[PDB]
>>> print(open('work_15.tsv').read())   # TSV, C-alpha atoms
chain	number	residue	atom	x	y	z
A	1	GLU	CA	0.00	0.00	0.00
A	2	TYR	CA	1.32	3.42	-1.07
A	3	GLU	CA	0.20	7.08	-1.02
A	4	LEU	CA	-2.49	8.22	-3.47
A	5	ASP	CA	-2.94	11.84	-4.56
A	6	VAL	CA	-6.61	12.22	-5.56
A	7	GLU	CA	-6.23	15.73	-7.03
A	8	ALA	CA	-3.54	14.62	-9.50
A	9	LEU	CA	-5.56	11.53	-10.46
A	10	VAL	CA	-8.55	13.73	-11.33
A	11	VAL	CA	-6.27	15.90	-13.52
A	12	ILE	CA	-4.87	12.72	-15.12
A	13	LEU	CA	-8.39	11.47	-15.97
A	14	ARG	CA	-9.67	14.80	-17.36
A	15	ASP	CA	-6.60	15.16	-19.62
A	16	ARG	CA	-7.61	11.85	-21.22
A	17	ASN	CA	-11.30	12.89	-21.41
A	18	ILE	CA	-12.39	9.92	-19.29
A	19	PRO	CA	-15.89	10.61	-17.88
A	20	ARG	CA	-15.43	7.74	-15.41
A	21	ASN	CA	-15.64	8.39	-11.68
A	22	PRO	CA	-13.66	5.65	-9.84
A	23	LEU	CA	-14.93	4.48	-6.44
A	24	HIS	CA	-13.29	3.39	-3.18
A	25	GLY	CA	-11.94	-0.14	-3.54
A	26	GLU	CA	-12.06	0.32	-7.32
A	27	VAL	CA	-9.72	-1.95	-9.30
A	28	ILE	CA	-7.80	-0.03	-11.97
A	29	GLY	CA	-5.42	-1.36	-14.64
A	30	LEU	CA	-2.51	0.83	-15.71
A	31	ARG	CA	-0.69	0.77	-19.05
A	32	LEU	CA	2.70	2.39	-18.50
A	33	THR	CA	3.84	3.40	-21.99
A	34	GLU	CA	7.35	4.21	-20.72
A	35	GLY	CA	9.48	4.42	-17.57
A	36	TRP	CA	13.05	3.97	-16.28
A	37	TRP	CA	13.22	0.61	-18.04
A	38	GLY	CA	13.10	2.31	-21.43
A	39	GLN	CA	10.24	3.12	-23.80
A	40	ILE	CA	8.19	-0.07	-23.93
A	41	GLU	CA	4.68	-0.73	-22.58
A	42	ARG	CA	4.32	-2.34	-19.16
A	43	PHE	CA	1.29	-3.03	-16.95
A	44	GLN	CA	0.36	-2.77	-13.25
A	45	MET	CA	-2.91	-3.39	-11.39
A	46	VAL	CA	-3.81	-1.11	-8.47
A	47	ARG	CA	-6.72	-0.48	-6.09
A	48	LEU	CA	-7.86	2.89	-4.74
A	49	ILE	CA	-8.31	3.36	-0.98
A	50	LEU	CA	-10.09	6.58	0.02
A	51	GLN	CA	-11.66	5.58	3.35
A	52	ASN	CA	-11.11	3.02	6.12
A	53	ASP	CA	-12.95	-0.24	6.93
A	54	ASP	CA	-15.82	1.73	8.50
A	55	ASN	CA	-16.02	4.02	5.41
A	56	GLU	CA	-14.78	7.12	7.25
A	57	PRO	CA	-12.71	9.26	4.82
A	58	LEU	CA	-8.91	9.12	5.10
A	59	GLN	CA	-7.34	12.58	4.91
A	60	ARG	CA	-4.30	10.77	3.46
A	61	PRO	CA	-5.59	8.49	0.66
A	62	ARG	CA	-3.83	5.27	-0.36
A	63	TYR	CA	-3.61	2.78	-3.22
A	64	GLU	CA	-2.63	-0.88	-2.88
A	65	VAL	CA	-0.96	-3.20	-5.39
A	66	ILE	CA	-2.98	-6.27	-6.39
A	67	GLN	CA	-0.90	-9.14	-7.80
A	68	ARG	CA	-2.92	-10.06	-10.90
A	69	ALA	CA	-2.52	-9.79	-14.67
A	70	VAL	CA	-4.14	-6.70	-16.20
A	71	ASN	CA	-6.76	-7.48	-18.85
A	72	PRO	CA	-7.28	-4.30	-20.96
A	73	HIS	CA	-10.58	-5.57	-22.41
A	74	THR	CA	-12.43	-6.42	-19.20
A	75	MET	CA	-10.95	-3.72	-16.96
A	76	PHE	CA	-10.90	0.03	-16.41
A	77	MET	CA	-7.63	1.27	-17.91
A	78	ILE	CA	-5.45	4.38	-17.71
A	79	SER	CA	-2.51	4.79	-20.08
A	80	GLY	CA	0.51	7.11	-19.85
A	81	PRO	CA	4.20	7.49	-18.91
A	82	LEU	CA	5.32	6.41	-15.41
A	83	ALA	CA	6.47	9.93	-14.43
A	84	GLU	CA	2.99	11.33	-15.12
A	85	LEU	CA	1.15	8.53	-13.29
A	86	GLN	CA	3.51	8.89	-10.30
A	87	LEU	CA	1.99	12.33	-9.68
A	88	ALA	CA	-1.03	10.35	-8.47
A	89	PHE	CA	0.31	6.88	-7.64
A	90	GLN	CA	3.32	7.59	-5.40
A	91	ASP	CA	6.34	5.26	-5.65
A	92	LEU	CA	4.59	3.32	-8.44
A	93	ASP	CA	6.78	0.67	-10.07
A	94	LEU	CA	6.57	-2.56	-12.12
A	95	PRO	CA	4.79	-5.59	-10.64
A	96	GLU	CA	6.42	-8.93	-9.82
A	97	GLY	CA	7.48	-11.21	-12.67
A	98	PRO	CA	5.52	-11.85	-15.91
A	99	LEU	CA	2.64	-9.74	-14.52
A	100	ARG	CA	4.39	-6.70	-16.05
A	101	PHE	CA	3.43	-8.07	-19.49
A	102	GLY	CA	-0.26	-7.63	-18.57
A	103	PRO	CA	-2.48	-9.34	-21.20
A	104	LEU	CA	0.57	-11.49	-22.00
A	105	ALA	CA	1.46	-12.43	-18.41
A	106	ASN	CA	-0.07	-15.82	-19.16
A	107	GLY	CA	1.95	-16.03	-22.39
A	108	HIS	CA	-0.97	-15.78	-24.81
A	109	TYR	CA	0.26	-14.27	-28.06
A	110	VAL	CA	-2.50	-13.56	-30.61
A	111	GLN	CA	-2.02	-12.62	-34.27
A	112	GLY	CA	-3.62	-9.27	-35.10
A	113	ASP	CA	-3.85	-8.13	-31.47
A	114	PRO	CA	-2.35	-4.65	-30.84
A	115	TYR	CA	-1.29	-5.62	-27.29
A	116	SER	CA	0.66	-8.57	-28.73
A	117	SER	CA	2.15	-6.22	-31.35
A	118	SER	CA	3.26	-3.80	-28.63
A	119	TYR	CA	4.82	-6.50	-26.43
A	120	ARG	CA	8.58	-6.27	-25.88
A	121	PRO	CA	10.77	-8.61	-23.76
A	122	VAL	CA	12.62	-7.76	-20.51
A	123	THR	CA	15.72	-5.56	-20.58
A	124	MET	CA	18.90	-6.27	-18.60
A	125	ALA	CA	18.00	-3.30	-16.37
A	126	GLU	CA	14.79	-5.10	-15.35
A	127	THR	CA	16.48	-8.46	-14.67
A	128	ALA	CA	19.02	-7.03	-12.20
A	129	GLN	CA	16.03	-6.25	-9.95
A	130	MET	CA	14.47	-9.73	-10.09
A	131	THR	CA	14.62	-12.81	-7.86
A	132	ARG	CA	15.20	-16.38	-9.11
A	133	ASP	CA	11.51	-17.38	-8.95
A	134	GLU	CA	10.69	-14.09	-10.67
A	135	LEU	CA	13.29	-14.72	-13.41
A	136	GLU	CA	12.03	-18.27	-13.97
A	137	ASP	CA	8.41	-17.15	-14.36
A	138	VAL	CA	9.41	-14.47	-16.89
A	139	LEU	CA	11.51	-16.99	-18.82
A	140	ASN	CA	8.65	-19.53	-18.85
A	141	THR	CA	6.24	-16.88	-20.15
A	142	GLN	CA	8.69	-15.60	-22.80
A	143	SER	CA	9.16	-19.23	-23.90
A	144	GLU	CA	5.39	-19.65	-24.38
A	145	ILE	CA	5.27	-16.34	-26.28
A	146	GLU	CA	8.17	-17.46	-28.50
A	147	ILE	CA	6.52	-20.82	-29.29
A	148	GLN	CA	3.47	-18.90	-30.60
A	149	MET	CA	5.78	-16.50	-32.46
A	150	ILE	CA	7.66	-19.35	-34.19
A	151	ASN	CA	4.40	-21.05	-35.25
A	152	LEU	CA	3.25	-17.69	-36.63
A	153	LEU	CA	6.50	-17.34	-38.61
A	154	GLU	CA	5.99	-20.75	-40.23
A	155	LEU	CA	2.39	-19.85	-41.12
A	156	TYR	CA	3.66	-16.59	-42.64
A	157	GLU	CA	6.34	-18.46	-44.62
A	158	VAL	CA	3.74	-20.95	-45.92
A	159	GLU	CA	1.25	-18.24	-46.98
A	160	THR	CA	3.99	-16.10	-48.59
A	161	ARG	CA	5.10	-19.13	-50.63
A	162	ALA	CA	1.48	-19.81	-51.64
A	163	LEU	CA	0.66	-16.20	-52.56
A	164	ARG	CA	3.81	-15.75	-54.68
A	165	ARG	CA	2.78	-18.98	-56.43
A	166	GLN	CA	-0.79	-17.75	-56.99
A	167	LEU	CA	0.57	-14.41	-58.22
A	168	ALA	CA	2.99	-16.12	-60.64
A	169	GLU	CA	0.29	-18.23	-62.32
A	170	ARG	CA	-2.27	-15.38	-62.42
A	171	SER	CA	0.24	-12.83	-63.77
B	1	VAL	CA	37.73	-28.63	-14.68
B	2	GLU	CA	34.68	-30.77	-15.56
B	3	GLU	CA	35.68	-34.27	-16.73
B	4	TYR	CA	33.58	-37.42	-17.22
B	5	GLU	CA	34.25	-40.92	-18.59
B	6	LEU	CA	34.46	-41.76	-22.31
B	7	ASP	CA	33.68	-45.10	-23.96
B	8	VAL	CA	35.89	-45.04	-27.06
B	9	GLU	CA	34.42	-48.17	-28.69
B	10	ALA	CA	30.91	-46.68	-28.43
B	11	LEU	CA	32.19	-43.49	-30.09
B	12	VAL	CA	33.57	-45.57	-32.98
B	13	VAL	CA	30.15	-47.23	-33.40
B	14	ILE	CA	28.49	-43.77	-33.36
B	15	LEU	CA	30.88	-42.27	-35.96
B	16	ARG	CA	30.63	-45.28	-38.29
B	17	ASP	CA	26.81	-45.33	-38.03
B	18	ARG	CA	26.95	-41.70	-39.19
B	19	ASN	CA	29.45	-42.52	-41.97
B	20	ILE	CA	32.12	-40.25	-40.48
B	21	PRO	CA	35.36	-41.75	-41.87
B	22	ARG	CA	37.88	-39.98	-39.63
B	23	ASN	CA	38.82	-40.69	-36.01
B	24	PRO	CA	39.31	-37.69	-33.67
B	25	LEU	CA	42.56	-37.06	-31.80
B	26	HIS	CA	43.48	-36.68	-28.14
B	27	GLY	CA	42.74	-33.07	-27.26
B	28	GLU	CA	40.43	-32.55	-30.23
B	29	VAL	CA	37.22	-30.55	-29.80
B	30	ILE	CA	33.92	-32.21	-30.78
B	31	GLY	CA	30.73	-30.25	-31.46
B	32	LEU	CA	27.64	-32.21	-30.43
B	33	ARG	CA	24.07	-31.70	-31.64
B	34	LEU	CA	21.66	-33.32	-29.18
B	35	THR	CA	18.49	-33.87	-31.25
B	36	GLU	CA	16.40	-34.84	-28.19
B	37	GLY	CA	16.75	-35.47	-24.45
B	38	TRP	CA	14.98	-35.01	-21.11
B	39	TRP	CA	14.25	-31.38	-21.96
B	40	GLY	CA	12.17	-32.33	-24.98
B	41	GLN	CA	12.26	-33.17	-28.69
B	42	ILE	CA	14.05	-29.88	-29.42
B	43	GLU	CA	17.68	-29.61	-30.56
B	44	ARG	CA	20.44	-28.55	-28.15
B	45	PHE	CA	24.23	-28.17	-28.33
B	46	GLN	CA	27.23	-29.19	-26.19
B	47	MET	CA	31.00	-28.95	-26.66
B	48	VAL	CA	33.50	-31.64	-25.61
B	49	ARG	CA	37.28	-32.26	-25.76
B	50	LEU	CA	38.67	-35.81	-25.89
B	51	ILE	CA	41.23	-37.14	-23.39
B	52	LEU	CA	42.72	-40.47	-24.48
B	53	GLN	CA	46.13	-40.21	-22.78
B	54	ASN	CA	47.90	-38.63	-19.78
B	55	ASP	CA	50.41	-35.76	-19.51
B	56	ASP	CA	53.27	-37.92	-20.84
B	57	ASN	CA	51.04	-39.13	-23.73
B	58	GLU	CA	50.74	-42.57	-22.12
B	59	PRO	CA	47.32	-44.03	-23.07
B	60	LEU	CA	44.67	-43.86	-20.34
B	61	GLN	CA	43.16	-47.08	-19.03
B	62	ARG	CA	39.91	-45.16	-18.53
B	63	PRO	CA	39.66	-42.30	-21.07
B	64	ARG	CA	37.82	-39.07	-20.30
B	65	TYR	CA	36.19	-36.09	-22.01
B	66	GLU	CA	35.90	-32.51	-20.77
B	67	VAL	CA	33.05	-30.02	-21.19
B	68	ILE	CA	34.15	-26.69	-22.71
B	69	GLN	CA	32.22	-23.48	-21.98
B	70	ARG	CA	31.98	-22.32	-25.59
B	71	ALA	CA	29.13	-22.20	-28.11
B	72	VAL	CA	29.26	-24.78	-30.92
B	73	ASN	CA	29.70	-23.55	-34.48
B	74	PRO	CA	28.33	-26.38	-36.69
B	75	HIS	CA	29.71	-24.64	-39.81
B	76	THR	CA	33.36	-24.89	-38.79
B	77	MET	CA	33.53	-27.82	-36.35
B	78	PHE	CA	33.69	-31.62	-36.22
B	79	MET	CA	30.03	-32.49	-35.59
B	80	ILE	CA	28.02	-35.43	-34.24
B	81	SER	CA	24.21	-35.41	-34.31
B	82	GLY	CA	21.95	-37.79	-32.38
B	83	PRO	CA	19.64	-38.31	-29.37
B	84	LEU	CA	21.06	-37.87	-25.85
B	85	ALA	CA	20.46	-41.53	-24.94
B	86	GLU	CA	22.61	-42.68	-27.87
B	87	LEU	CA	25.46	-40.26	-27.15
B	88	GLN	CA	25.39	-41.06	-23.41
B	89	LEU	CA	26.79	-44.48	-24.34
B	90	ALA	CA	29.98	-42.79	-25.57
B	91	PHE	CA	29.96	-39.66	-23.40
B	92	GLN	CA	29.00	-40.89	-19.92
B	93	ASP	CA	26.72	-38.55	-17.91
B	94	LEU	CA	26.33	-36.11	-20.83
B	95	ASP	CA	24.15	-33.11	-19.99
B	96	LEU	CA	23.34	-29.57	-21.18
B	97	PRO	CA	25.91	-26.75	-20.87
B	98	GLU	CA	25.57	-23.61	-18.71
B	99	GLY	CA	23.20	-20.83	-19.79
B	100	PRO	CA	22.52	-19.83	-23.42
B	101	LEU	CA	25.47	-21.97	-24.62
B	102	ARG	CA	22.92	-24.75	-25.24
B	103	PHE	CA	21.52	-22.76	-28.19
B	104	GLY	CA	24.82	-23.26	-30.06
B	105	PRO	CA	24.61	-21.10	-33.23
B	106	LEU	CA	22.10	-18.91	-31.36
B	107	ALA	CA	23.96	-18.66	-28.03
B	108	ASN	CA	25.03	-15.22	-29.30
B	109	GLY	CA	21.35	-14.46	-30.05
B	110	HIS	CA	22.08	-13.93	-33.74
B	111	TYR	CA	18.80	-14.78	-35.41
B	112	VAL	CA	18.62	-14.73	-39.22
B	113	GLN	CA	15.85	-15.30	-41.77
B	114	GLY	CA	16.64	-18.33	-43.95
B	115	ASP	CA	19.21	-19.73	-41.51
B	116	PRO	CA	18.45	-23.46	-40.97
B	117	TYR	CA	19.62	-23.27	-37.33
B	118	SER	CA	17.40	-20.26	-36.63
B	119	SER	CA	14.46	-22.28	-37.96
B	120	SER	CA	15.44	-25.24	-35.76
B	121	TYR	CA	15.87	-23.01	-32.70
B	122	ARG	CA	13.44	-23.54	-29.83
B	123	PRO	CA	13.32	-21.64	-26.49
B	124	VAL	CA	13.90	-23.31	-23.11
B	125	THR	CA	11.31	-25.60	-21.51
B	126	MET	CA	10.06	-25.69	-17.91
B	127	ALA	CA	12.30	-28.68	-17.19
B	128	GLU	CA	15.31	-26.61	-18.24
B	129	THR	CA	14.40	-23.52	-16.18
B	130	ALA	CA	13.83	-25.61	-13.03
B	131	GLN	CA	17.50	-26.68	-13.18
B	132	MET	CA	19.06	-23.27	-13.89
B	133	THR	CA	20.72	-20.86	-11.46
B	134	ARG	CA	19.99	-17.12	-11.25
B	135	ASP	CA	22.93	-16.23	-13.55
B	136	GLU	CA	21.97	-18.93	-16.07
B	137	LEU	CA	18.37	-17.67	-16.15
B	138	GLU	CA	19.51	-14.05	-16.55
B	139	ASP	CA	21.90	-15.05	-19.35
B	140	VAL	CA	19.32	-17.22	-21.17
B	141	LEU	CA	16.73	-14.46	-20.79
B	142	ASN	CA	19.16	-11.89	-22.25
B	143	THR	CA	19.81	-14.05	-25.32
B	144	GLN	CA	16.17	-15.11	-25.82
B	145	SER	CA	15.14	-11.44	-25.53
B	146	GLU	CA	17.52	-10.49	-28.36
B	147	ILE	CA	16.12	-13.38	-30.44
B	148	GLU	CA	12.63	-12.01	-29.69
B	149	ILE	CA	13.54	-8.54	-31.02
B	150	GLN	CA	14.66	-10.23	-34.25
B	151	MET	CA	11.48	-12.36	-34.41
B	152	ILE	CA	9.23	-9.31	-33.86
B	153	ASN	CA	11.04	-7.51	-36.71
B	154	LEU	CA	10.49	-10.49	-39.02
B	155	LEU	CA	6.81	-10.66	-38.03
B	156	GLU	CA	6.21	-7.00	-38.95
B	157	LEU	CA	8.18	-7.56	-42.16
B	158	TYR	CA	6.05	-10.61	-43.07
B	159	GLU	CA	2.88	-8.59	-42.38
B	160	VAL	CA	3.95	-5.95	-44.92
B	161	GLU	CA	5.14	-8.69	-47.31
B	162	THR	CA	1.82	-10.60	-47.11
B	163	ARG	CA	-0.23	-7.38	-47.39
B	164	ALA	CA	1.51	-5.95	-50.48
B	165	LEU	CA	1.39	-9.43	-52.03
B	166	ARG	CA	-2.38	-9.72	-51.57
B	167	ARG	CA	-2.76	-6.21	-53.02
B	168	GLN	CA	-0.88	-7.11	-56.22
B	169	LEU	CA	-2.93	-10.32	-56.40
B	170	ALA	CA	-6.22	-8.39	-56.03
B	171	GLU	CA	-5.49	-5.88	-58.82
B	172	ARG	CA	-4.83	-8.89	-61.09
B	173	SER	CA	-7.83	-10.74	-59.57
C	1	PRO	CA	-21.13	4.22	1.56
C	2	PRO	CA	-18.32	4.11	-1.06
C	3	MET	CA	-16.97	7.51	-2.13
C	4	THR	CA	-15.91	8.75	-5.56
C	5	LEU	CA	-12.91	11.00	-6.27
C	6	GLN	CA	-15.12	14.12	-6.38
C	7	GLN	CA	-16.95	12.95	-3.23
C	8	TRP	CA	-13.58	12.83	-1.47
C	9	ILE	CA	-12.28	16.05	-2.98
C	10	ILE	CA	-15.25	18.07	-1.69
C	11	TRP	CA	-14.34	17.26	1.92
D	1	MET	CA	56.58	-37.56	-25.57
D	2	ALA	CA	54.59	-39.79	-27.93
D	3	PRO	CA	52.29	-38.23	-30.58
D	4	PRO	CA	48.55	-37.62	-29.90
D	5	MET	CA	46.32	-40.65	-30.49
D	6	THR	CA	43.30	-41.38	-32.65
D	7	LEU	CA	40.42	-43.49	-31.30
D	8	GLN	CA	41.42	-46.71	-33.09
D	9	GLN	CA	45.03	-46.32	-31.94
D	10	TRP	CA	43.74	-46.42	-28.36
D	11	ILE	CA	41.48	-49.41	-29.01
D	12	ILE	CA	44.39	-51.30	-30.60
D	13	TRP	CA	46.46	-50.35	-27.53
D	14	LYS	CA	43.77	-51.61	-25.15
D	15	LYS	CA	43.58	-54.89	-27.10
D	16	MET	CA	47.24	-55.48	-26.14
D	17	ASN	CA	46.88	-55.52	-22.34
>>> encode(input="work_15.tsv", output="structure tokens")
Amino acid sequence: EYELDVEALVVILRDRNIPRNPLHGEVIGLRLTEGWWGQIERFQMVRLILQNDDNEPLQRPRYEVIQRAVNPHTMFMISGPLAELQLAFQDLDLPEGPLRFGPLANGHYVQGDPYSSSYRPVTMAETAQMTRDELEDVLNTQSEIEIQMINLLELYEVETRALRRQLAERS
Amino acid sequence: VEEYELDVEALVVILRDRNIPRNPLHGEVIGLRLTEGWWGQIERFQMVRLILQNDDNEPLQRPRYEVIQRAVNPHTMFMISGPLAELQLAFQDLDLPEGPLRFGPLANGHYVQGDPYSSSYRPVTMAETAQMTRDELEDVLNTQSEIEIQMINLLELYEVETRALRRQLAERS
Amino acid sequence: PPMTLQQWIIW
Amino acid sequence: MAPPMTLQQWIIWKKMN
């Protein structure tokens, strides 16, 4: 659980023209377009905490980190650079392991999907911050992603061969 | 120094079965292509040096081989292909090398379109990762990430290739 | 009673 | 020192003793 600046979050929402009004205990997905790790999209799932357990307002609001993969299609999503989102979400950083891949934390690479097109692997800056279990989970996920990528490259090579053939005989 | 036992007679059987006419020397480096093993039915690479005789060149009663931490280059080296269980008869207790070295031609992460060994390349399995240390994992991940960059570039190139090809096919109907 | 961001800000 | 050995040379040697 870390500090949450409500005022800055409101500004962040309005700048994106989002008419949404998030609640207390609201689960929000974040698409970090860039950060210290370079300029490649990463994900993090947070929860807003405005009050206590008895619903009395906290004069110092918080947000907690939920350890789950962000699903951009079924979840409320804010996108933007880390620096900008840190104005609201204080000390915000990448989540543990493959979770940082978001919709690809489970290693599901889909042809035609923009989130699969935007996916980039871990940098050596990221790995220096990871534990062994963390590093294994990332490597397992990247392996699954690669398997899909290799199958997709064979399919491409087969279709390209077939289309050049069809073009040759119809030209 | 990592040294294990070598069955010379088994190695002769293996070379002859693969129609390799020449016999390797003491201190010669052998590049091995492991076509399958415990990891899976995916191809892996290991490098070995033969030890047939001692320091005075007196023949060893029990010959050995040593594992060399270097990536195999199948283009320039003496090569033996086969399943692990067949090569374990000659090279006793043969296993995978440390880190990305197992990828052989792609231990350096140099992925190329049209390269046979790039096409044969497969990433590590869950059995492999369970056995690795932190440094191994970080090394493998570094290499596989560079291979991914290359693969992503080829995917976007194939998407443009396919698209422009379908366009020229459509205008000709 | 769950609050919104505006419901907290006017407080 | 003797020269480096081939595989067969070793096998032939082992067949001696």
>>> atom_distance(input="work_15.tsv", atom1="CA of residue 149 in chain B", atom2="CA of residue 127 in chain B")
24.5 Å
>>> interface_residues(input="work_15.tsv", of="chain B", to="chain A", cutoff="12 Å", atoms="all atoms listed in the file", output="number ranges by chain")
B: 42, 113-114, 118-173
>>> atom_distance(input="work_15.tsv", atom1="CA of residue 92 in chain A", atom2="CA of residue 56 in chain A")
25.2 Å
>>> closest_atom_pairs(input="work_15.tsv", of="chain C", to="chain A", cutoff="6 Å", atoms="all atoms listed in the file", output="JSON lines")
{"residue": "C:2", "atom": "CA", "partner": "A:24", "partner_atom": "CA", "distance": 5.5}
{"residue": "C:3", "atom": "CA", "partner": "A:24", "partner_atom": "CA", "distance": 5.6}
{"residue": "C:4", "atom": "CA", "partner": "A:23", "partner_atom": "CA", "distance": 4.5}
>>> interface_residues(input="work_15.tsv", of="chain D", to="chain B", cutoff="7 Å", atoms="all atoms listed in the file", output="list in words")
residues 1, 2, 4, 5, 6, 7 and 10 of chain D
>>> axis_aligned_box(input="work_15.tsv", around="range 108-115 of chain A", padding_each_side="8 Å", output="JSON")
{"center_x": -1.8, "center_y": -10.2, "center_z": -30.0, "size_x": 20.1, "size_y": 27.1, "size_z": 26.3}
>>> atom_distance(input="work_15.tsv", atom1="CA of residue 62 in chain B", atom2="CA of residue 7 in chain B")
8.3 Å
>>> residues_around(input="work_15.tsv", residues="residue 101 in chain B", least_positions_apart="2", cutoff="8 Å", atoms="all atoms listed in the file", output="number ranges by chain")
B: 45-46, 69-72, 97-99, 103-104, 107
>>> residues_around(input="work_15.tsv", residues="residue 85 in chain A", least_positions_apart="4", cutoff="9 Å", atoms="only C-alpha atoms", output="PyMOL selection string")
chain A and resi 8-9+12+30+32+78-81+89-90+92
>>> residues_near_point(input="work_15.tsv", point="(33.9, -28.7, -15.6)", cutoff="9 Å", atoms="all atoms listed in the file", output="list in words")
residues 1, 2, 3, 4, 66, 67, 68 and 69 of chain B
